[PDB]
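S.K.: Let me start by giving you these chains from the complex, positioned as in the assembled structure:
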Amino acid sequence: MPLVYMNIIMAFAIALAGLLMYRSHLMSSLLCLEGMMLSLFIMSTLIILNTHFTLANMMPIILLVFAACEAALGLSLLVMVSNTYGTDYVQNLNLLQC
Amino acid sequence: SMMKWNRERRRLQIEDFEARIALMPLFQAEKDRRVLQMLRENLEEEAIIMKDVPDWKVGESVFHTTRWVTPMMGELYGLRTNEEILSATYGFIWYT
Amino acid sequence: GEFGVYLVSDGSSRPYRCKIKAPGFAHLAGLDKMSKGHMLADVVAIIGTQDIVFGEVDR
Amino acid sequence: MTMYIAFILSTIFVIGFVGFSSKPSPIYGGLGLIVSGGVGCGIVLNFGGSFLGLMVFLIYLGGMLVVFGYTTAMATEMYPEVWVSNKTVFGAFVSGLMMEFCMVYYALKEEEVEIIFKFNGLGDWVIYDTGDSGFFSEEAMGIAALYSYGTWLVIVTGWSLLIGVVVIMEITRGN
Amino acid sequence: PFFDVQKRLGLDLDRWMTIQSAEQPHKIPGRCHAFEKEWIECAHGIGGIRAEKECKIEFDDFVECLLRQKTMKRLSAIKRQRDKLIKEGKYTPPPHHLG
């Protein structure tokens, strides 16, 4: 399979790993989220444009407009976290515990 | 005023399109001869270079069916120059 | 506003003590009540209309 | 060079992804992602996706990530945790520059790389298809089908987006 | 679907796009319309598992039409042998190769 296709596939994998391998900023975790779909948006356009799947051309936008909606939730949840705690830290996001 | 002008452009567009419709026969025939001729040039090159391969019968039909398939562009311009490849793949695409 | 001068004369040829009623002083004093419930870009507006010049409010 | 131009574009895309995935400072993480966002459209533009390529620039490059800068401007971790501040992020960056450099070398010699999927290291240009599109841009006609055949999709997308503004206020209201 | 409501009331919601050989805007084809049409009509009213083996020739041909794996593998071996041959200087490309 064309060398180009693997570049986005490995781009997703390292982006997915960055989403899973946390640190101290779910800001940075969120940045791995839309980037993860950005590879999905980029890759999806690649096959769809290549194979001349004309009606499928809608889907890259459909993926786009919905993965964008998650940012609305994700960032809104963030300021809620950065309100009761002030910051966007993750190790302090453990109030649940028991 | 814009209503009348736009209607005139639509008459102009279909007039332009109709000229293209008349131009399809010659263009299709010319491209039809060109693409298969250039494929034959590829096959002719294949049986001067794969003669030494232990198992390479020239012109293997990669697809199982006998139905014609449009040449994939890789086997079309693969043995051409850098200029031929660039001007064919993204030649329309670049065109600022 | 009301620019008043209060001086006490000691009976000599020179003033003994002169206090001046600066209209800006009271107005700048009320600038706190002005700014309540207003935009920061409106604090400049209220400051402008309060006709404050600091040579007068600072004595 | 122009032999493998899209090889380059996809290569900066990978390193651009390694940037923000290495968890740098969120403003700099945005920089690494938008760089990948910018270079990615060029990959799409090379394939004829002019409209789709321009979209990520308009709604994602200059769109989504702009409001992201606000949360970064809102968070403002008490010291910048940029690349030089931490040493594991450098290790993440240095590592993330290794395998794709390793495997592209693996690819470019024998073309037989079998990581998960069988991948060919052949030039990007090959998989293109030969044939005129007449006067209708295939990308434009497909997108314009939103209002012709994508009736069901656009209702659900519209309804969900309408719910999107409903939820956003409710969560951000804070009772 | 789990509840094929589309089939019951006969209103088309998604299946217009689910395959590329269906109706297309301005009546323009996909890359592999010919192969997908052949595989699809082979595997109608047959069963998923039955068509897994019976309509095998059509599927692989259609997959090769879409991915174009073995075809460019053919080309890659052609190019690899060429660069392993002309560099040593036994055969020279004809003028039409170079224009």
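M.R.: Okay, I see it. Numbers count the residues shown, from 1 in each chain, chains lettered A, B, ... in the order given.
S.K.: CA only for contacts and neighbour counts going forward, please
M.R.: Noted.
S.K.: In the chain, what residue spans correspond to helices?
M.R.: I went with chain A, as the question did not name one. According to DSSP state H, chain A carries its helices in the segments A:3-20, A:26-50, A:58-84.
S.K.: not what I meant, chain E
M.R.: E:5-9, E:33-42, E:48-54, E:56-67, E:69-86, E:95-98.
S.K.: Now do the fourth one: everything it contacts.
M.R.: The contact list for helix E:56-67 (Cα atoms under 8 Å, 6 or more residues apart in numbering or on different chains) reads A:1, A:51, B:63-65, E:31-32, E:35-36, E:38-39, E:42, E:70-71.
S.K.: Adding distance to chain D as columns, could you present those residues in a markdown table?
M.R.: Putting those into a markdown table (distance: Cα to the nearest Cα, whole Å) gives the following:
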| residue | distance to chain D |
| --- | --- |
| A:1 | 4 |
| A:51 | 8 |
| B:63 | 16 |
| B:64 | 20 |
| B:65 | 20 |
| E:31 | 8 |
| E:32 | 11 |
| E:35 | 15 |
| E:36 | 17 |
| E:38 | 20 |
| E:39 | 21 |
| E:42 | 26 |
| E:70 | 10 |
| E:71 | 10 |
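S.K.: and stretch D:2-12, how far out from the chain's middle?
M.R.: 15 Å (Cα atoms, centre = their mean, to the nearest Å).
S.K.: Spatially nearest residue to the residue nearest the centre of chain A (excluding sequence neighbours)?
M.R.: Nearest to the geometric centre of chain A sits residue A:33, at 2.0 Å (Cα atoms, centre = their mean). Distance criterion Cα to Cα, 6 or more residues apart in numbering or on different chains; nearest residue to residue A:33, sequence neighbours excluded, is residue A:19 at 6.5 Å.
S.K.: Near the residue of chain B found nearest chain D, how many other residues are there?
M.R.: Distances between chain B and chain D by Cα to the nearest Cα are smallest at residue B:74, namely 4.3 Å. For residue B:74, the count of nearby residues is 25 (other Cα atoms under 10 Å in any protein chain shown).
S.K.: then add chain F to what we have above:
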Amino acid sequence: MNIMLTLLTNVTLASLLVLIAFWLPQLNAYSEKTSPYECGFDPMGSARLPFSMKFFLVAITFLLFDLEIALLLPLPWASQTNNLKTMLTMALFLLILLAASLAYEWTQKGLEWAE
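M.R.: To build on what is shown above, here is chain F added in:
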């Protein structure tokens, strides 16, 4: 070919412009010169604090509207369809949904953002 060349040439011309705008006027520097300026007094330590919700709220609302306008760029090509009746119904449906989200936003305090 010409496109990224135009981006390249513009990027260089910008970079040489800033380059000799730095090294050529380099004369002398001090810490006070590099010190932050805050209306002419001492900076107490700032630019590290959150700004309530209103700037964030309008940011999210912009994105949601921006995503909805993203759905309606293809209209000039959509007008060239064969079934206009399907088009004008759906295109209108997007438009009054823009209104509905704005209309909902307005009545529930909304664009009268926090203070």
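S.K.: before we move on, back to that, could you pull up the contacting residues of the residue nearest to the centre of chain A?
M.R.: A:15-16, A:19.
S.K.: Highest neighbour count among those residues?
M.R.: In these, the most neighbours by other Cα under 10 Å go to residue A:15, 30 neighbours.
S.K.: what separates that one from chain F, distance-wise?
M.R.: Counting by Cα to the nearest Cα, to the nearest Å, the gap from residue A:15 to chain F is 23 Å.
S.K.: One more: residue B:18?
M.R.: Residue B:18 is 18 Å from chain F, by Cα to the nearest Cα.
S.K.: Can you tell me the number of residues neighbouring that residue?
M.R.: Residue B:18 has 11 neighbours, counted by other Cα under 10 Å.
S.K.: How far away from the center of its chain is the helix or strand harbouring it?
M.R.: Using DSSP states H and E, the element containing residue B:18 is helix B:2-49. On the basis of Cα atoms, centre = their mean, helix B:2-49 sits 10 Å off its chain's mean C-alpha point.
S.K.: report the angle between the axes of that helix and helix E:69-86?
M.R.: 50 degrees (axes from the mean of the first three to the mean of the last three Cα atoms, to 10 degrees).
S.K.: and helix B:2-49, anywhere near chain D?
M.R.: No - taking Cα under 8 Å from any Cα of the partner chain as the criterion, helix B:2-49 and chain D are apart, separated by no less than 8.6 Å.
S.K.: Mind giving me the packing neighbours of the helix or strand just after that helix?
M.R.: Per DSSP H and E, the first helix or strand lying C-terminal to helix B:2-49 is helix B:73-77. If you count contacts as 3 or more Cα pairs under 8 Å, 6 or more residues apart in numbering or on different chains; DSSP states H and E, helix B:73-77 packs onto helix B:2-49, helix E:69-86.
S.K.: and the nearest residue to residue D:165 once chain neighbours are set aside, what helix or strand is that in?
M.R.: The shortest distance from residue D:165 to any non-neighbouring residue, by Cα to Cα, 6+ apart, is to residue F:101 (6.5 Å). Assigned by DSSP H and E, residue F:101 falls within helix F:84-107.
S.K.: let's bring in chain G now:
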Amino acid sequence: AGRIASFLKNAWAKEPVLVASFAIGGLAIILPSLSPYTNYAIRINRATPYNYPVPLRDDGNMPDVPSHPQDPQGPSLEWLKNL
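M.R.: Just below you will find chain G, in place on the chains above:
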């Protein structure tokens, strides 16, 4: 009646903007239904020949389709240039 006229005028007193937009939106959603040119719009939209009308095999007994792109048979758009 009295309330409606008062409310509309009273609304047009404080806000002229949204009443104008509501009038525009309320208007533009209506005329396309009763417009006599929408049928023309689709007709000229259908008349544009983006793709080539591939000929059909002449097996006889279809007089509707012409044998030459000048014969009176077939679809005609004499209305179009007048429209």
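S.K.: Please reconsider the contacts of helix E:56-67 now that chain G is part of the model.
M.R.: By Cα under 8 Å, 6+ apart, helix E:56-67 touches A:1, A:51, B:63-65, E:31-32, E:35-36, E:38-39, E:42, E:70-71.
S.K.: Would you convert these into TSV that also reports distance to residue F:47 and neighbour count?
M.R.: Shown next, in TSV, are the contacts of helix E:56-67 (distance: Cα to Cα, whole Å; neighbours: other Cα atoms under 10 Å in any protein chain shown):
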residue	distance to residue F:47	neighbour count
A:1	50	22
A:51	51	22
B:63	65	20
B:64	68	13
B:65	69	12
E:31	55	22
E:32	58	21
E:35	62	22
E:36	60	23
E:38	65	16
E:39	63	19
E:42	67	16
E:70	59	14
E:71	60	18
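S.K.: thinking again about what came up before, how close does the residue nearest to the centre of chain A sit to residue A:73?
M.R.: According to Cα to Cα, to the nearest Å, residue A:33 stands 12 Å off from residue A:73.
S.K.: Residue F:113 too?
M.R.: Applying Cα to Cα to residue F:113 and residue A:73 gives a distance of 19 Å.
S.K.: Between these two, which has more neighbouring residues?
M.R.: residue A:73 (17 against 13).
S.K.: quick one: the residue nearest to the more buried one when sequence neighbours are not counted from residue A:97, how far?
M.R.: In space, and not counting its chain neighbours, residue A:73 is closest to residue D:168: 6.7 Å by Cα to Cα, 6+ apart. To residue A:97, residue D:168 is 27 Å away according to Cα to Cα.
S.K.: Repeat that for residue D:48.
M.R.: 51 Å.
S.K.: ok, now which ones touch residue A:16?
M.R.: Taking Cα under 8 Å, 6+ apart, we find residue A:16 in contact with A:32-33, A:36.
S.K.: so what's the residue nearest the centre of chain B up against?
M.R.: Centroid-nearest residue in chain B, with Cα atoms, centre = their mean: residue B:35, separated by 5.9 Å. Going by Cα under 8 Å, 6+ apart, residue B:35 touches residue B:76.
S.K.: tell me which element the residue positioned nearest the centre of chain D is part of?
M.R.: The residue lying closest to the centre of chain D (Cα atoms, centre = their mean) is residue D:37, at 4.6 Å. Taking DSSP H and E as the criterion, residue D:37 maps to helix D:26-46.
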